[PDB]
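J.: Here it is, the structure in full.
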Amino acid sequence: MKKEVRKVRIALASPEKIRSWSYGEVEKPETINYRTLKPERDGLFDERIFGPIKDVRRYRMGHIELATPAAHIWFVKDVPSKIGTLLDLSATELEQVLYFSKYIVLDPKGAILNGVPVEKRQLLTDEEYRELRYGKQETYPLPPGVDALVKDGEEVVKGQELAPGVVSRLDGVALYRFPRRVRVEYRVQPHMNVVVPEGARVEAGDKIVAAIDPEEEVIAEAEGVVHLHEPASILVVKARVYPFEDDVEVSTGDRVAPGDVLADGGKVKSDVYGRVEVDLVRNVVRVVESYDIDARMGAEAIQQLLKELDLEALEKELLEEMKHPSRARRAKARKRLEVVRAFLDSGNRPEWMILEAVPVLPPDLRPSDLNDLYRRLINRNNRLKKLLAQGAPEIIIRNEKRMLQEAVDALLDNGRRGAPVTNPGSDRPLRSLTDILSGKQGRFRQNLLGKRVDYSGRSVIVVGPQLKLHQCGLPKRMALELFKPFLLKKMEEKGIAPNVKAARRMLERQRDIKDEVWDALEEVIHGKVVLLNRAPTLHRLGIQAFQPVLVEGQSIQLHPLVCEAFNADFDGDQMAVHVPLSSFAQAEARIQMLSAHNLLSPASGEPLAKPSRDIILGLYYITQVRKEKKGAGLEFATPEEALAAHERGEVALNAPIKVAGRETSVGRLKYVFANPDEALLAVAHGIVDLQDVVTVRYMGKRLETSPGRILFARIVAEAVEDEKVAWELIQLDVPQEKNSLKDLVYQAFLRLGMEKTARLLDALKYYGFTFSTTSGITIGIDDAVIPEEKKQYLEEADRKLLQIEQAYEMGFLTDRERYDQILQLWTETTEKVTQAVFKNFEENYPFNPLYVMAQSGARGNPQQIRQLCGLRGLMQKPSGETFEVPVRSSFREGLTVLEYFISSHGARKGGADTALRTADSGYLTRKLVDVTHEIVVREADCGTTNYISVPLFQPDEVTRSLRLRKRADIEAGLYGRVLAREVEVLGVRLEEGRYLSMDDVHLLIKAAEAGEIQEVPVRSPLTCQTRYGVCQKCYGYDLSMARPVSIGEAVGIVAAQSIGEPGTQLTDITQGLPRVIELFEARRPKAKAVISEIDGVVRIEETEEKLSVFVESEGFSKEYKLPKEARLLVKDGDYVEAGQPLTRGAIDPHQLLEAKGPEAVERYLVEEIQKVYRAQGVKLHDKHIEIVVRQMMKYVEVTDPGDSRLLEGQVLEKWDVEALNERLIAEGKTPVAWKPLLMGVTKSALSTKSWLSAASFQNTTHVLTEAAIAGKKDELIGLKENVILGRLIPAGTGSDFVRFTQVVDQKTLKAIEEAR
DNA sequence: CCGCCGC
RNA sequence: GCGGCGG
Ligand SMILES: [Mg+2]
Ligand SMILES: [Zn+2]
């Protein structure tokens, strides 16, 4: 029935749906009422609209029905106005003009021009809209007793002086009201009225003007004409004049258009649209330029526009505009077409971009900030409803819509336009909905950045020698609290307590609880495990799971071998501990997370459970053999009187129990041990020391090895029961060094299994330690022995220094030469003394404490040893130039005053370096994670076989000469890989797909030595077909384990980690972290080296303030300008492939991508990256640098369209889907030509397809804005995005591959058949 | 990087 | 957010 949430979708909200999720409508602004905490009704906190205040309430919504529309600030103020782009109004300036309603908008038709044709959609000032839209008859009053220079309705021109002090502003028709005077070529009082029109012809019998007094009223005479001159005032009308001779039309006030009849039948017709004024004072019909029109205001004006905009229409319109016009206008349309598409495409239409119904967030979600703003809206939205039914005066209506539109923006996003402040008290912007979603600590960034855990604890860690990697020492007292609930129950299970509350009080104040509470706890923890965490959590091993074994005190006992995993020593470091609550959590915790199960490092296939100093120390001292004094003749190799004599000479004081006597030193002649045990007992009785050379009969051979060695054999053969397989993997021919053991571990892992190895580790751990204590090794000032030759070599070098001095005091050597030669003097002299001290220990004190420590993988480093016994000699000055004088002393002897001071400089520079390099906070582990945090393993052997050939030989360093890449590096590229195609090499058939093990990579190397293979066909992430993910055959052998990678493993992570941790130690040409940042980030490095874009041969032109390297061949040469200060190493003559270093130093990815191609950029990056870690000791598998780098080119540009336009940057694979189904399923081969794009790691992240993820880093506004328009459906895949859901991650156990697995019992299975 | 201690 | 220490 109910279904797992697999897809999430963001779409626009229909006002109908707003009512849909809605429960009641908040109708009033009453926050809190004192009388009863009980909510005051129908404001915000009412319970019907949201729900019951007592014991699903904070899950319902209410809506406020806005009077006149307002809009979403999110869709209007985002950089690219989603509405401004779509509608085509000024994208950023025009909107604001009418969004609040101050300015006007236009509709169906205007035929008249203010000066230009009618504006289909534009807006004009109210004065001008009123002037011609509704017409504009404009008056011009006149001073009393003043005559005019224009008649009744005489045509007037704009700017003319109607009188001395008055002038007109418009052309059209100038109306005159009254004749205070009239001229008559052959004065009218208030009650007088002119019967005669404009300059009308007159006759004698014709009354002109009349009034009340029939007596003395204007009476015509002999041919008079009319010229009226004294108008009280003149009102000008924006109208045309149409004189008529006979009749007229409908009436004065009606509307007319061009053509419509005015008078005299169909003779005098109108020419413009306008109102009618049938004036008979001039016997003419003026049609004022005033026809109706329509237009609305503010959020309302766009609401209309949006509703009519027929996407389809503009879609087609843009289609034409797009591919036909020059790049200047086509580009604008293109960006405009996507939006249009998005809407139509997804369906959910754009008209909703307007707010008419503001959805109210639930009452329990917000217990204050947002409420103050909600009240504002409510108020104005309400004050407005009232201001509409009471009386609607315009100026107020608008002024109100404004404020309203402002408020609606507040609750959504404050600041975009001014900032709202709670009245006097704090000039602080009230946190609006947007502010609550973005920012460093917002809500989208909340689900990811982290938080504190229940069932946690932390304490100081202490070493627990006896403890096995399996377990961990945890303080009972801590466990008590940690496992409190689990304990309570078990308490009732056992009579200790009657109920839970009782068990609790029982632990509330009581001091011990003795054995019984303890018996219970220790019982509850039985097989459960907890996790442990170390300070900076760098790699997956930063947290391991252990079985807790309760202990006394405060500290937490940790296993020694895991001390390497978590960078953790015992000088006070503290670790945190957690508890897996779910039986599922517990499972994974102890299965795939326990310590003993994660032996190998995800970084390199090398072990991480490597025995450390102490263990090694012990193990070595016990396997070493001794050599003494050869008093004489060592020939028993043949004489029998040599067995007897040399054996009695031994009984004497002449021949030692360990003499250089080829076949056998008397030491072997004397003691011959049958059974293996036989040997050790003799030891235990004092006959033989462990380190003595004796003879011993083993399974099938008479072996000449010491007790110690043999004992070691047993220990291992005991750790793992298969005794034969034991000696098959150990070498008792040399003392056990950190490496001989390293390799033993690794071998054991591959050979006997995981857990069995764990057993051996503990084994070694135990013995190593014991033997360590009894061996009797300690340091004493005399233990640091100074070589007798030191006094020699220093003297030899000293005199030698005088020669160099006398040589300059003569003038032979330059000031510089002097210096360089002296350094050389010491640089060699010091190295001389180095091997000397060691030579003295090797020959005279084989068992020197200081020495033995160093040799054995235990502790100490050759370079250090030298600072004790030999001498630390060259310490550099402040800047960098090393000192001229060396530090002649050793630490054994008193390091002198100055020598110390001088040495100081270096120690300080090193400290500074460790600072800024440490605090970088695994910055790279951060960015790496950002671009690989979505990579996971879900598959079925991806079918696409496009492989990467791993090179077995390295080019030039000394010059052109093919070499065999170092053992290390070759491993790095081939270990745990899967062969793309089969390859017969030295007699063996290495099938296809086979995952080449270490041995198999040794083979290939040994073969390259002979000369049978130069490259290697192998599967890799760099060429995986699975869009989002990588499959089994492509990733490879590496796992925490050694067998092939299990599908469902968070490789993205794992790779990011393995690359980040190391970054902590990477502090002309420039490198280190910066080279790593420069490399992951496609950039133009300091020392750029001009790559050759054309592949031909080379030729130069010497000197001349500039040199020039020219790649020329068929007909053209790509000119390369190499500054007079550049270092070029390709010479006048031979060939140069595309993207080959023409200059010396670093290279620029972009260029190299263009010239050579992608398969080269990738391989460049990978290797150029490794280059730094390699030189820093770090050994990480190429796999990981690959996974990352691949993502750096998962996007490509478009040059030949089919669906979307060609200026886009979209996911590479998403195009392999389009092209595949455009040629395959649906015909019409519209090839989608693209261009591979090398985006930077950071930008790859930035623009990562899923919106959820974007909402996290960049800007939450833009991200959601765009994802809004195109109803985006976030296909839930990737750790980040799915983290927010709070759902099980798509990786790990969440792996779609196994998240669904069923367990049954043959009893219930046949039982389902019983149901059938 | 995480943990604490204090205006 | 400022200062001090620890890994
Ligand atoms: Mg430490
Ligand atoms: Zn693949």
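Numbered by the deposited numbering, the letters in the first sequence go through residues 1 to 55, 85 to 215, 346 to 526, 538 to 1237, 1251 to 1499 in order.
Cβ atoms here follow ideal geometry from the backbone N, Cα and C, with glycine treated the same way.
Considering only residues of the same chain and omitting the five flanking positions on each side of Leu911, which have a CB-CB separation below 6 Å?
T.: The sequence position of residue 911 within the first sequence is 741, counting from 1. Around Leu911: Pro781.
J.: Tell me whether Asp1457 sits in a helix, a strand or coil according to DSSP, three-state version.
T.: If you number the first sequence from 1, residue 1457 lands on position 1274. Three-state DSSP puts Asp1457 in a strand.
J.: Using the Cα positions of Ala690 and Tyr841, report the straight-line distance between them to the nearest angstrom.
T.: Position 520 of the first sequence holds residue 690. Position 671 of the first sequence holds residue 841. Roughly 57 Å between the two C-alpha positions.
J.: Around the C-beta of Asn845, are 16 or more other C-beta atoms found within 10 angstroms, so that it is buried, or is it exposed?
T.: Counting from one through the first sequence, the residue named residue 845 turns up at place 675. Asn845 should be labelled exposed.
J.: Since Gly878 and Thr793 should fall inside the 8 Å C-beta cutoff, what is the C-beta to C-beta distance between them, to a whole number of angstroms?
T.: Residue 878 sits at position 708 when you count from the first residue of the first sequence. Residue 793 sits at position 623 when you count from the first residue of the first sequence. At roughly 5 Å, the Cβ-Cβ gap stays under 8 Å, so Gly878 and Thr793 are in contact.
J.: Can you determine whether any heavy atom of ligand 2 sits closer than 7 Å to the C-beta of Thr1196, and answer yes or no?
T.: Your numbering for residue 1196 matches position 1026 in the first sequence. Yes - ligand 2 has a heavy atom lying nearer than 7 Å to the Cβ of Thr1196.
J.: Please classify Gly201 as buried or exposed, where buried requires at least 16 other C-beta atoms within 10 Å of its C-beta.
T.: Here residue 201 refers to the residue found at position 172 when the first sequence is read from its first residue. It is buried - the Cβ of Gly201 has at least 16 other Cβ atoms within 10 Å.
J.: Tell me whether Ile792 sits in a helix, a strand or coil according to DSSP, three-state version.
T.: As a working mapping, residue 792 is identified with position 622 in the first sequence. Three-state result, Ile792: helix.
J.: How far does the alpha helix (DSSP H) with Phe207 in it reach, from first residue to last?
T.: The sequence position of residue 207 within the first sequence is 178, counting from 1. Looking at the DSSP string, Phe207 is not in any alpha helix (DSSP H), and its letter there is neither H nor E.
J.: Apart from the five residues on each side of it in sequence, which residues of its chain come closer than 6 Å, Cβ to Cβ, to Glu820?
T.: For this step, residue 820 is matched to residue 650 along the first sequence. Closer than 6 Å at Cβ, skipping near neighbours: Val836.
J.: Tell me which residues share the same chain as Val175 and place their Cβ nearer than 7 Å to its Cβ, disregarding the 5 neighbours each side in the sequence.
T.: Numbered from 1 along the first sequence, position 146 holds the residue referred to as residue 175. So the list reads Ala192, once near-sequence residues are dropped.
J.: Indicate whether the contact test is met: 3 or more Cβ pairs, each with one atom in the region 1296-1309 and one in the region 1264-1280, closer than 8 Å.
T.: Short answer: they touch.
J.: Whose CB is closer than 6 Å to a heavy atom of ligand 1? List the residues in chain order.
T.: Listed along the chain, these residues meet the criterion: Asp739, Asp741, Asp743.
J.: As a quick exercise: from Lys698, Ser602, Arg489, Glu874, pick the residue whose alpha carbon is nearest that of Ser538.
T.: Here residue 538 corresponds to residue number 368 of the first sequence, with the count starting at 1. Closest option to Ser538, Cα to Cα, is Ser602.
J.: Quick check on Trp21: buried or exposed, where buried means 16 or more other Cβ atoms within 10 Å of its Cβ?
T.: Residue 21 sits at position 21 when you count from the first residue of the first sequence. It is exposed - the Cβ of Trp21 has fewer than 16 other Cβ atoms within 10 Å.
J.: Please confirm if the region 707-716 is in contact with the region 1213-1228, defined as three or more CB-CB distances below 8 Å between the two stretches.
T.: Verdict: yes, contact present.
J.: Please confirm whether any heavy atom of ligand 2 lies closer than 7 Å to the CB of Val1372.
T.: In the first sequence, counting from the first residue as 1, residue 1372 sits at position 1189. No, the beta carbon of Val1372 sits no closer than 7 Å to any heavy atom of ligand 2.
J.: In chain order, which continuous runs of the alpha helix (DSSP H) of length 4 or greater are located wholly inside the region 1125-1183?
T.: As far as the region 1125-1183 is concerned, its whole alpha helix (DSSP H) runs of at least 4 residues are 1137-1144, 1168-1180.
J.: Would the beta-carbon of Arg1087 fall within 8 Å of that of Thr1237?
T.: Here residue 1087 corresponds to residue number 917 of the first sequence, with the count starting at 1. Here residue 1237 corresponds to residue number 1067 of the first sequence, with the count starting at 1. It is a contact, given that the beta carbons lie within the stated cut-off.
J.: Do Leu850 and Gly831 count as a contact pair if the criterion is CB distance below 8 Å?
T.: One-based indexing of the first sequence puts residue 831 at position 661. One-based indexing of the first sequence puts residue 850 at position 680. Not closer than 8 Å, so no.
J.: Tell me the DSSP secondary structure of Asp438 in three-state form.
T.: Position 279 of the first sequence, counting from 1, holds the residue named residue 438. If DSSP states are grouped into helix, strand and coil, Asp438 belongs with the strands.
J.: Opposite residue 531 in the DSSP bridges: which residues?
T.: Inspection of the chain shows residue 526 followed directly by residue 538; residue 531 is thus not represented.
J.: Are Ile880 and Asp743 close, meaning C-beta to C-beta below 8 Å?
T.: Against the first sequence, residue 880 aligns to sequence position 710. Against the first sequence, residue 743 aligns to sequence position 573. The answer is no: Cβ separation not under 8 Å.
J.: For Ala1338 and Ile1274, I'd like the C-alpha separation in whole angstroms.
T.: As a working note, residue 1338 is residue 1155 in the first sequence. As a working note, residue 1274 is residue 1091 in the first sequence. Distance between the alpha carbons of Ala1338 and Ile1274: 8 Å.
J.: Would you mind reading off the limits of the beta strand (DSSP E) that contains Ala746?
T.: Taking the first sequence and counting its residues from 1, one reaches residue 746 at position 576. From DSSP, the beta strand (DSSP E) with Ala746 extends over 744-748.
J.: Roughly how many angstroms lie between the CA atoms of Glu1152 and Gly1181, to the nearest whole one?
T.: Taking the first residue of the first sequence as 1, we reach residue 1152 at position 982. Taking the first residue of the first sequence as 1, we reach residue 1181 at position 1011. So the alpha carbons of these two residues sit roughly 18 Å apart.
J.: Which parts of the region 354-418 are runs of the alpha helix (DSSP H), unbroken and 4 residues or longer, counting only runs that do not cross its ends?
T.: Listed in chain order, nothing qualifies, since the region 354-418 has no complete alpha helix (DSSP H) run of 4 or more residues.
J.: Can you give me the start and stop residues for the alpha helix (DSSP H) that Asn569 sits inside?
T.: The sequence position of residue 569 within the first sequence is 399, counting from 1. Looking at the DSSP string, the run of the alpha helix (DSSP H) that includes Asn569 is 564-582.
J.: From what residue to what residue does the beta strand (DSSP E) around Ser629 run?
T.: Translated into positions along the first sequence, residue 629 becomes position 459. Per DSSP, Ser629 belongs to the beta strand (DSSP E) from 626-633.
J.: Spatial neighbours of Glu1161 within its chain, please: C-beta separation below 7 Å, excluding the five flanking residues on both sides.
T.: Mapped onto the first sequence, residue 1161 falls at position 991. Excluding positions up to five away in sequence, the list reads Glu1152.
J.: Compute every distance between the C-beta of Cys642 and the non-hydrogen atoms of ligand 2, then say whether any falls below 7 Å.
T.: Here residue 642 refers to the residue found at position 472 of the first sequence. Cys642: no, Cβ never under 7 Å from ligand 2.
J.: Quick check: the Cα distance between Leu778 and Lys1362, rounded to an integer number of angstroms?
T.: The residue labelled residue 778 in the question sits at position 608 within the first sequence. The residue labelled residue 1362 in the question sits at position 1179 within the first sequence. Cα to Cα, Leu778 sits roughly 12 Å from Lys1362.
J.: Could you check the C-alpha separation between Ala516 and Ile93 for me, to the nearest Å?
T.: In the first sequence, residue 516 corresponds to position 357, counting from 1. In the first sequence, residue 93 corresponds to position 64, counting from 1. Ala516 and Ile93: Cα-Cα distance of roughly 6 Å.
J.: With burial defined as no fewer than 16 other Cβ atoms inside 10 Å of the residue's Cβ, what is the status of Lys1490: buried or exposed?
T.: In the first sequence, residue 1490 corresponds to position 1307, counting from 1. Per the 10 Å Cβ criterion, exposed.
J.: Just curious, the alpha helix (DSSP H) that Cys1204 is in, first and last residue?
T.: In the first sequence, counting from the first residue as 1, residue 1204 sits at position 1034. Taken as a continuous stretch (DSSP letters only), the alpha helix (DSSP H) holding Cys1204 covers 1202-1205.
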